[PDB]
$ cat protein24.pdb   # PDB, C-alpha atoms
MODEL        1
ATOM      1  CA  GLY N   1     -34.392   2.264  59.340  1.00  0.00           C
ATOM      2  CA  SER N   2     -34.704   3.571  55.788  1.00  0.00           C
ATOM      3  CA  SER N   3     -37.745   5.179  54.165  1.00  0.00           C
ATOM      4  CA  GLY N   4     -38.529   6.220  50.604  1.00  0.00           C
ATOM      5  CA  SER N   5     -40.675   4.901  47.763  1.00  0.00           C
ATOM      6  CA  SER N   6     -38.232   5.337  44.879  1.00  0.00           C
ATOM      7  CA  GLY N   7     -34.829   4.035  45.925  1.00  0.00           C
ATOM      8  CA  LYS N   8     -33.298   0.570  45.673  1.00  0.00           C
ATOM      9  CA  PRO N   9     -34.404  -3.079  46.002  1.00  0.00           C
ATOM     10  CA  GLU N  10     -33.417  -5.538  48.730  1.00  0.00           C
ATOM     11  CA  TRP N  11     -31.640  -8.160  46.624  1.00  0.00           C
ATOM     12  CA  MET N  12     -29.108  -5.487  45.671  1.00  0.00           C
ATOM     13  CA  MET N  13     -26.158  -5.960  48.027  1.00  0.00           C
ATOM     14  CA  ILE N  14     -22.609  -4.607  48.212  1.00  0.00           C
ATOM     15  CA  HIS N  15     -20.076  -7.424  48.563  1.00  0.00           C
ATOM     16  CA  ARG N  16     -17.152  -5.034  49.024  1.00  0.00           C
ATOM     17  CA  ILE N  17     -15.739  -1.828  47.544  1.00  0.00           C
ATOM     18  CA  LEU N  18     -13.336  -3.094  44.881  1.00  0.00           C
ATOM     19  CA  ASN N  19     -11.854   0.357  44.273  1.00  0.00           C
ATOM     20  CA  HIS N  20     -12.581   4.066  43.836  1.00  0.00           C
ATOM     21  CA  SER N  21     -12.161   6.610  41.039  1.00  0.00           C
ATOM     22  CA  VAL N  22     -12.849  10.320  40.553  1.00  0.00           C
ATOM     23  CA  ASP N  23     -14.279  11.284  37.163  1.00  0.00           C
ATOM     24  CA  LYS N  24     -12.973  14.362  35.347  1.00  0.00           C
ATOM     25  CA  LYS N  25     -16.025  16.150  36.749  1.00  0.00           C
ATOM     26  CA  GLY N  26     -14.985  15.487  40.335  1.00  0.00           C
ATOM     27  CA  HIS N  27     -17.757  13.192  41.549  1.00  0.00           C
ATOM     28  CA  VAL N  28     -16.170  10.319  43.473  1.00  0.00           C
ATOM     29  CA  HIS N  29     -17.180   6.856  42.266  1.00  0.00           C
ATOM     30  CA  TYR N  30     -16.878   3.520  44.068  1.00  0.00           C
ATOM     31  CA  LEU N  31     -16.481   0.260  42.149  1.00  0.00           C
ATOM     32  CA  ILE N  32     -19.284  -1.696  43.814  1.00  0.00           C
ATOM     33  CA  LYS N  33     -19.294  -5.480  43.437  1.00  0.00           C
ATOM     34  CA  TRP N  34     -22.872  -6.771  43.431  1.00  0.00           C
ATOM     35  CA  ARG N  35     -22.554  -9.826  45.674  1.00  0.00           C
ATOM     36  CA  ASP N  36     -24.971 -11.608  43.337  1.00  0.00           C
ATOM     37  CA  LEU N  37     -22.896 -10.687  40.284  1.00  0.00           C
ATOM     38  CA  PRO N  38     -19.248 -11.769  39.874  1.00  0.00           C
ATOM     39  CA  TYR N  39     -16.186  -9.514  39.828  1.00  0.00           C
ATOM     40  CA  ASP N  40     -16.119  -9.404  36.027  1.00  0.00           C
ATOM     41  CA  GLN N  41     -19.701  -8.124  36.067  1.00  0.00           C
ATOM     42  CA  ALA N  42     -19.025  -5.507  38.743  1.00  0.00           C
ATOM     43  CA  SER N  43     -20.018  -1.947  37.842  1.00  0.00           C
ATOM     44  CA  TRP N  44     -19.019   1.601  38.779  1.00  0.00           C
ATOM     45  CA  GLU N  45     -21.429   3.429  41.084  1.00  0.00           C
ATOM     46  CA  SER N  46     -21.009   7.110  41.948  1.00  0.00           C
ATOM     47  CA  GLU N  47     -20.762   8.196  45.586  1.00  0.00           C
ATOM     48  CA  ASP N  48     -24.350   9.423  45.288  1.00  0.00           C
ATOM     49  CA  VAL N  49     -26.024   6.065  44.661  1.00  0.00           C
ATOM     50  CA  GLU N  50     -28.209   5.031  47.597  1.00  0.00           C
ATOM     51  CA  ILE N  51     -27.522   1.428  48.603  1.00  0.00           C
ATOM     52  CA  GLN N  52     -27.908  -0.654  51.762  1.00  0.00           C
ATOM     53  CA  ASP N  53     -25.294   0.452  54.293  1.00  0.00           C
ATOM     54  CA  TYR N  54     -23.578   2.195  51.381  1.00  0.00           C
ATOM     55  CA  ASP N  55     -22.170   4.927  53.621  1.00  0.00           C
ATOM     56  CA  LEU N  56     -20.677   2.284  55.914  1.00  0.00           C
ATOM     57  CA  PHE N  57     -18.820   0.398  53.182  1.00  0.00           C
ATOM     58  CA  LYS N  58     -17.383   3.633  51.787  1.00  0.00           C
ATOM     59  CA  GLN N  59     -16.361   4.742  55.280  1.00  0.00           C
ATOM     60  CA  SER N  60     -14.717   1.373  55.928  1.00  0.00           C
ATOM     61  CA  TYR N  61     -12.772   0.829  52.705  1.00  0.00           C
ATOM     62  CA  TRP N  62     -11.351   4.311  53.268  1.00  0.00           C
ATOM     63  CA  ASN N  63     -10.275   3.923  56.897  1.00  0.00           C
ATOM     64  CA  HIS N  64      -8.809   0.524  56.016  1.00  0.00           C
TER      65      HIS N  64
ENDMDL
END
$ encode --input "protein24.pdb" --output "C-alpha cells"
Amino acid sequence: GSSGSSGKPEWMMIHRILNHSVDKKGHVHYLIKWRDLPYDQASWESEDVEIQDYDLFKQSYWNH
C-alpha cells in the first residue's frame, strides 16, 4: 500500500478537488476540501502534498 514514517494521518481525507490554481512560481495547487471540514474551511494544497489517493483525485478532476 503506502509506506513512510513522516507523511499524513488517516483521518485526513479528500472529499473532492474544488478547484486548481498555479502560483506565480509555477507549482500547481489543488483546492482540497477536507471531508471533515466544510467548504468554507477548505484549504489550498500544492500538487506535492502527499494524501490518500491524492494522485487519483487529481487525475480524475482533470479528465472530468
$ resolve_selection --input "protein24.pdb" --expression "the PyMOL selection byres ((chain N and resi 42) around 12)" --output "ChimeraX atom specification"
/N:13-19,30-41,43-45
$ resolve_selection --input "protein24.pdb" --expression "the PyMOL selection byres ((chain N and resi 29) around 6)" --output "PDB file with C-alpha atoms, in the frame of the given file"
ATOM      1  CA  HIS N  20     -12.581   4.066  43.836  1.00  0.00           C
ATOM      2  CA  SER N  21     -12.161   6.610  41.039  1.00  0.00           C
ATOM      3  CA  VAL N  22     -12.849  10.320  40.553  1.00  0.00           C
ATOM      4  CA  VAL N  28     -16.170  10.319  43.473  1.00  0.00           C
ATOM      5  CA  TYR N  30     -16.878   3.520  44.068  1.00  0.00           C
ATOM      6  CA  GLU N  45     -21.429   3.429  41.084  1.00  0.00           C
ATOM      7  CA  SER N  46     -21.009   7.110  41.948  1.00  0.00           C
ATOM      8  CA  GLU N  47     -20.762   8.196  45.586  1.00  0.00           C
TER       9      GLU N  47
END
$ atom_distance --input "protein24.pdb" --atom1 "CA of residue 56 (chain N)" --atom2 "CA of residue 27 (chain N)"
18.3 Å
$ resolve_selection --input "protein24.pdb" --expression "the PyMOL selection byres ((chain N and resi 10) around 12)" --output "short mmCIF file (atom, residue, chain, number, x, y, z; two decimals) with C-alpha atoms, in the frame of the given file"
data_model
loop_
_atom_site.label_atom_id
_atom_site.label_comp_id
_atom_site.auth_asym_id
_atom_site.auth_seq_id
_atom_site.Cartn_x
_atom_site.Cartn_y
_atom_site.Cartn_z
CA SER N 2 -34.70 3.57 55.79
CA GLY N 7 -34.83 4.04 45.92
CA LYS N 8 -33.30 0.57 45.67
CA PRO N 9 -34.40 -3.08 46.00
CA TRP N 11 -31.64 -8.16 46.62
CA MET N 12 -29.11 -5.49 45.67
CA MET N 13 -26.16 -5.96 48.03
CA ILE N 14 -22.61 -4.61 48.21
CA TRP N 34 -22.87 -6.77 43.43
CA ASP N 36 -24.97 -11.61 43.34
CA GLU N 50 -28.21 5.03 47.60
CA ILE N 51 -27.52 1.43 48.60
CA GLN N 52 -27.91 -0.65 51.76
CA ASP N 53 -25.29 0.45 54.29
#
$ axis_aligned_box --input "protein24.pdb" --around "region 10-17 of chain N" --padding-each-side "4 Å" --output "AutoDock Vina command-line options"
--center_x -24.6 --center_y -5.0 --center_z 47.3 --size_x 25.7 --size_y 14.3 --size_z 11.4
$ atom_distance --input "protein24.pdb" --atom1 "CA of residue 26 (chain N)" --atom2 "CA of residue 54 (chain N)"
19.3 Å
$ decode --input "protein24.pdb" --residues "region 5-21 of chain N" --atoms "N, CA, C and O atoms" --output "PDB file, in the first residue's frame"
ATOM      1  N   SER N   5       7.267   6.862   7.475  1.00  0.00           N
ATOM      2  CA  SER N   5       7.013   7.276   8.850  1.00  0.00           C
ATOM      3  C   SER N   5       6.390   8.668   8.892  1.00  0.00           C
ATOM      4  O   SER N   5       5.308   8.860   9.446  1.00  0.00           O
ATOM      5  N   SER N   6       7.082   9.637   8.300  1.00  0.00           N
ATOM      6  CA  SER N   6       6.599  11.014   8.273  1.00  0.00           C
ATOM      7  C   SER N   6       5.820  11.290   6.991  1.00  0.00           C
ATOM      8  O   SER N   6       6.403  11.456   5.920  1.00  0.00           O
ATOM      9  N   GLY N   7       4.497  11.339   7.109  1.00  0.00           N
ATOM     10  CA  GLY N   7       3.657  11.595   5.953  1.00  0.00           C
ATOM     11  C   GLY N   7       2.363  12.294   6.320  1.00  0.00           C
ATOM     12  O   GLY N   7       2.349  13.499   6.574  1.00  0.00           O
ATOM     13  N   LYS N   8       1.271  11.538   6.346  1.00  0.00           N
ATOM     14  CA  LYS N   8      -0.035  12.090   6.683  1.00  0.00           C
ATOM     15  C   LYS N   8      -0.859  11.089   7.486  1.00  0.00           C
ATOM     16  O   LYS N   8      -0.668   9.876   7.394  1.00  0.00           O
ATOM     17  N   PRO N   9      -1.799  11.605   8.292  1.00  0.00           N
ATOM     18  CA  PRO N   9      -2.672  10.772   9.125  1.00  0.00           C
ATOM     19  C   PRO N   9      -3.678   9.979   8.297  1.00  0.00           C
ATOM     20  O   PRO N   9      -3.585   9.930   7.071  1.00  0.00           O
ATOM     21  N   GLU N  10      -4.639   9.359   8.976  1.00  0.00           N
ATOM     22  CA  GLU N  10      -5.661   8.567   8.302  1.00  0.00           C
ATOM     23  C   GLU N  10      -6.984   9.325   8.242  1.00  0.00           C
ATOM     24  O   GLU N  10      -7.742   9.196   7.280  1.00  0.00           O
ATOM     25  N   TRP N  11      -7.253  10.116   9.274  1.00  0.00           N
ATOM     26  CA  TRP N  11      -8.485  10.895   9.338  1.00  0.00           C
ATOM     27  C   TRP N  11      -8.545  11.914   8.207  1.00  0.00           C
ATOM     28  O   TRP N  11      -9.627  12.306   7.768  1.00  0.00           O
ATOM     29  N   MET N  12      -7.377  12.341   7.737  1.00  0.00           N
ATOM     30  CA  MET N  12      -7.298  13.314   6.654  1.00  0.00           C
ATOM     31  C   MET N  12      -7.773  12.704   5.339  1.00  0.00           C
ATOM     32  O   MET N  12      -7.108  11.841   4.768  1.00  0.00           O
ATOM     33  N   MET N  13      -8.929  13.159   4.865  1.00  0.00           N
ATOM     34  CA  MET N  13      -9.493  12.657   3.617  1.00  0.00           C
ATOM     35  C   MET N  13      -9.680  13.790   2.612  1.00  0.00           C
ATOM     36  O   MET N  13      -9.621  14.966   2.970  1.00  0.00           O
ATOM     37  N   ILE N  14      -9.906  13.427   1.353  1.00  0.00           N
ATOM     38  CA  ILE N  14     -10.102  14.412   0.299  1.00  0.00           C
ATOM     39  C   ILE N  14     -11.483  14.272  -0.334  1.00  0.00           C
ATOM     40  O   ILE N  14     -11.665  13.519  -1.292  1.00  0.00           O
ATOM     41  N   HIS N  15     -12.452  15.003   0.207  1.00  0.00           N
ATOM     42  CA  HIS N  15     -13.817  14.963  -0.307  1.00  0.00           C
ATOM     43  C   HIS N  15     -13.827  15.028  -1.831  1.00  0.00           C
ATOM     44  O   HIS N  15     -14.286  14.101  -2.499  1.00  0.00           O
ATOM     45  N   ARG N  16     -13.318  16.129  -2.374  1.00  0.00           N
ATOM     46  CA  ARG N  16     -13.269  16.316  -3.820  1.00  0.00           C
ATOM     47  C   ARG N  16     -12.531  17.602  -4.177  1.00  0.00           C
ATOM     48  O   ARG N  16     -12.660  18.615  -3.489  1.00  0.00           O
ATOM     49  N   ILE N  17     -11.757  17.555  -5.256  1.00  0.00           N
ATOM     50  CA  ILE N  17     -10.999  18.716  -5.705  1.00  0.00           C
ATOM     51  C   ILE N  17     -11.928  19.855  -6.111  1.00  0.00           C
ATOM     52  O   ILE N  17     -12.535  19.823  -7.183  1.00  0.00           O
ATOM     53  N   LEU N  18     -12.033  20.861  -5.250  1.00  0.00           N
ATOM     54  CA  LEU N  18     -12.886  22.012  -5.520  1.00  0.00           C
ATOM     55  C   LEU N  18     -12.428  22.748  -6.775  1.00  0.00           C
ATOM     56  O   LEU N  18     -13.231  23.053  -7.657  1.00  0.00           O
ATOM     57  N   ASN N  19     -11.131  23.030  -6.850  1.00  0.00           N
ATOM     58  CA  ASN N  19     -10.565  23.727  -7.998  1.00  0.00           C
ATOM     59  C   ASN N  19      -9.042  23.640  -7.990  1.00  0.00           C
ATOM     60  O   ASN N  19      -8.449  23.026  -7.103  1.00  0.00           O
ATOM     61  N   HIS N  20      -8.414  24.260  -8.985  1.00  0.00           N
ATOM     62  CA  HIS N  20      -6.960  24.253  -9.094  1.00  0.00           C
ATOM     63  C   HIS N  20      -6.434  25.643  -9.437  1.00  0.00           C
ATOM     64  O   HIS N  20      -7.135  26.448 -10.051  1.00  0.00           O
ATOM     65  N   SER N  21      -5.197  25.919  -9.035  1.00  0.00           N
ATOM     66  CA  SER N  21      -4.580  27.214  -9.296  1.00  0.00           C
ATOM     67  C   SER N  21      -3.059  27.093  -9.334  1.00  0.00           C
ATOM     68  O   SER N  21      -2.464  26.355  -8.549  1.00  0.00           O
TER      69      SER N  21
END
